[PDB]
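Novice: Before we start, here is the structure in question, set down as structure tokens.
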Amino acid sequence: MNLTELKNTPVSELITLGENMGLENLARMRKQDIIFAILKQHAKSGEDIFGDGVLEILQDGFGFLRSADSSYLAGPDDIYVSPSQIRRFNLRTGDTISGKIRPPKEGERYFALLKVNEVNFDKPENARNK
């Protein structure tokens with residue numbers, strides 16, 4: 001579901017949510033990995049999961065979505081964001097965005113943005129040129 005919502009669930013509430021999905025014995029798991037599990041099990045079950053916040057660009061040409069503070073680096077529960085994604089809808093660091101998420105390939109480690117639902121209080125496109 002919404003990653004920020006997952007974090008809104010205390011580690012114990014995240015393990016009880018996994019138990020509801022069959023993931024039991026998570027008491028030994030940290031809120032980070034337990035959320036990643038709720039993403040794999042609610043997705044397997046076919047539920048939708050999405051991320052949201054304010055993007056952060058990286059000199060490397062890719063960036064991550066997350067809260068509004070900075071910290072300079074990313075975070076484990078943040079969101080991965082490719083350039084084609086930023087470039088494709090004309091985004092910017094600090095931009096406000098919301099969307100669905102999906103895992104890339106074995107080189108996943110962080111989930112990646114997948115579909116855009118909202119961006120800079122505007123649609124992911126336009127038609128005036130400037």
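By order of appearance in the structure tokens: chains A, B, ..., then residues from 1 within every chain, and ligands from 1 in the order shown.
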Skipping near chain neighbours, those fewer than 6 positions away, what residues fall within 7 Å of region 114-121 of chain A using only C-alpha atoms, listed as a list in words?
Specialist: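 The residues satisfying every condition are residues 95, 96, 97, 98, 99, 100, 101 and 102 of chain A.
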Novice: Next, write the just-selected residues to a file, as a short mmCIF file (atom, residue, chain, number, x, y, z; two decimals), in the first residue's frame, keeping C-alpha atoms as the atom set.
Specialist:
data_model
loop_
_atom_site.label_atom_id
_atom_site.label_comp_id
_atom_site.auth_asym_id
_atom_site.auth_seq_id
_atom_site.Cartn_x
_atom_site.Cartn_y
_atom_site.Cartn_z
CA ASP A 95 9.10 18.20 -6.41
CA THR A 96 5.89 16.91 -4.76
CA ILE A 97 4.86 13.51 -6.28
CA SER A 98 2.75 10.36 -5.71
CA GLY A 99 2.64 7.03 -7.65
CA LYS A 100 2.58 3.14 -7.83
CA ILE A 101 5.92 1.22 -7.26
CA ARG A 102 7.58 -1.97 -8.71
#
Novice: Please identify all polymer residues within 8 Å of residue 38 (chain A), counting only C-alpha atoms, omitting same-chain residues fewer than 4 positions from it, and present them as an MDAnalysis selection string.
Specialist: chainID A and resid 14 17:18 21 34 42:43
Novice: Could the residues in this selection be written to a file with N, CA and C atoms, as a short mmCIF file (atom, residue, chain, number, x, y, z; two decimals), in the first residue's frame?
Specialist:
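And here's out-v7.cif as it stands now:
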data_model
loop_
_atom_site.label_atom_id
_atom_site.label_comp_id
_atom_site.auth_asym_id
_atom_site.auth_seq_id
_atom_site.Cartn_x
_atom_site.Cartn_y
_atom_site.Cartn_z
N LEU A 14 3.17 -3.75 12.28
CA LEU A 14 3.61 -4.29 10.97
C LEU A 14 3.71 -5.83 11.08
N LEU A 17 0.28 -7.17 10.97
CA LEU A 17 -0.28 -7.08 9.57
C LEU A 17 0.30 -8.24 8.75
N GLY A 18 1.58 -8.50 8.87
CA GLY A 18 2.17 -9.67 8.09
C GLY A 18 1.48 -10.96 8.57
N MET A 21 -1.35 -11.66 6.81
CA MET A 21 -1.05 -12.11 5.41
C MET A 21 -0.29 -13.45 5.44
N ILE A 34 10.16 -6.02 7.73
CA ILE A 34 8.73 -6.40 7.83
C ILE A 34 7.95 -5.58 6.78
N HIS A 42 1.35 -8.43 0.18
CA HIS A 42 0.11 -7.75 -0.30
C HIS A 42 0.17 -7.67 -1.83
N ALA A 43 1.34 -7.51 -2.41
CA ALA A 43 1.42 -7.51 -3.89
C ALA A 43 1.07 -8.91 -4.39
#
Novice: Enumerate as a VMD selection string all residues of chain A assigned to strand (DSSP E or B) by DSSP on the backbone, naming them with the chain letters and numbers the document uses.
Specialist: chain A and resid 2 50 to 54 56 to 57 63 to 65 79 to 81 96 to 102 112 to 119 122
Novice: Residues of the last selection are to be written out with C-alpha atoms, as an mmCIF file, in the first residue's frame.
Specialist:
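Listing of out09.cif after writing:
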data_model
loop_
_atom_site.group_PDB
_atom_site.id
_atom_site.type_symbol
_atom_site.label_atom_id
_atom_site.label_comp_id
_atom_site.auth_asym_id
_atom_site.auth_seq_id
_atom_site.Cartn_x
_atom_site.Cartn_y
_atom_site.Cartn_z
ATOM 1 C CA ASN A 2 1.353 3.555 0.721
ATOM 2 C CA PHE A 50 2.386 3.031 -3.714
ATOM 3 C CA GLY A 51 4.887 5.699 -2.591
ATOM 4 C CA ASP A 52 4.748 9.528 -2.265
ATOM 5 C CA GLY A 53 6.618 12.591 -0.936
ATOM 6 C CA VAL A 54 9.158 15.065 -2.369
ATOM 7 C CA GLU A 56 15.658 14.278 -4.316
ATOM 8 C CA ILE A 57 17.977 14.228 -7.456
ATOM 9 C CA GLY A 63 17.125 10.211 -7.502
ATOM 10 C CA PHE A 64 14.946 9.042 -4.570
ATOM 11 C CA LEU A 65 11.463 10.039 -3.295
ATOM 12 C CA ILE A 79 11.712 5.232 -3.100
ATOM 13 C CA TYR A 80 14.147 4.713 -6.104
ATOM 14 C CA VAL A 81 13.504 7.112 -9.107
ATOM 15 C CA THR A 96 5.886 16.906 -4.760
ATOM 16 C CA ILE A 97 4.858 13.511 -6.278
ATOM 17 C CA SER A 98 2.747 10.362 -5.709
ATOM 18 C CA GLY A 99 2.643 7.033 -7.646
ATOM 19 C CA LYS A 100 2.582 3.142 -7.831
ATOM 20 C CA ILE A 101 5.917 1.219 -7.265
ATOM 21 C CA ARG A 102 7.578 -1.965 -8.709
ATOM 22 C CA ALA A 112 11.537 1.717 -7.947
ATOM 23 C CA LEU A 113 8.874 4.294 -8.983
ATOM 24 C CA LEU A 114 6.516 2.671 -11.549
ATOM 25 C CA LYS A 115 3.405 4.740 -12.498
ATOM 26 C CA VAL A 116 2.908 8.533 -11.846
ATOM 27 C CA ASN A 117 -0.417 9.636 -10.233
ATOM 28 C CA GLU A 118 0.379 13.234 -9.202
ATOM 29 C CA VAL A 119 3.293 15.705 -9.744
ATOM 30 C CA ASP A 122 -0.002 19.403 -12.172
#
Novice: Just list the residues in chain A DSSP gives alpha helix (DSSP H) on the backbone, as a PyMOL selection string.
Specialist: chain A and resi 3-8+11-20+31-44+83-89
Novice: Tell me which of A:23, A:29, A:6, A:39 sits closest to residue 103 (chain A), counting only C-alpha atoms.
Specialist: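 So, comparing all the options, the nearest one is A:39.
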Novice: Kindly indicate which residue among A:90, A:78, A:12, A:129 lies nearest to residue 28 (chain A), using only C-alpha atoms for the distances.
Specialist: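 Checking each of A:90, A:78, A:12, A:129 against residue 28 (chain A), counting only C-alpha atoms, the winner is A:12.
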Novice: Pick from A:130, A:108, A:71, A:83: nearest to residue 59 (chain A), with only C-alpha atoms counted?
Specialist: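 Selected residue with least distance to residue 59 (chain A): A:83.
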Novice: Record the distance separating CA of residue 35 (chain A) and CA of residue 7 (chain A), expressed in Å with one decimal.
Specialist: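 Separating CA of residue 35 (chain A) from CA of residue 7 (chain A) is a distance of 7.6 Å.
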Novice: Pick out the closest residue to residue 93 (chain A) from this set: A:109, A:49, A:55, A:123. Count only C-alpha atoms.
Specialist: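 Nearest candidate to residue 93 (chain A) out of A:109, A:49, A:55, A:123: A:55.
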Novice: Counting only C-alpha atoms, which of A:4, A:82, A:70, A:126 gets nearest to residue 94 (chain A)?
Specialist: A:70
Novice: For residue 44 (chain A), which residue among A:61, A:8, A:22, A:91 is the nearest when counting only C-alpha atoms?
Specialist: A:22
Novice: To one decimal in Å, tell me the separation between CA of residue 62 (chain A) and CA of residue 87 (chain A).
Specialist: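 Those two atoms sit 9.9 Å apart.
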Novice: Please indicate the distance in Å from CA of residue 58 (chain A) to CA of residue 104 (chain A), rounded to one decimal place.
Specialist: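 We find that CA of residue 58 (chain A) and CA of residue 104 (chain A) lie 18.8 Å from each other.
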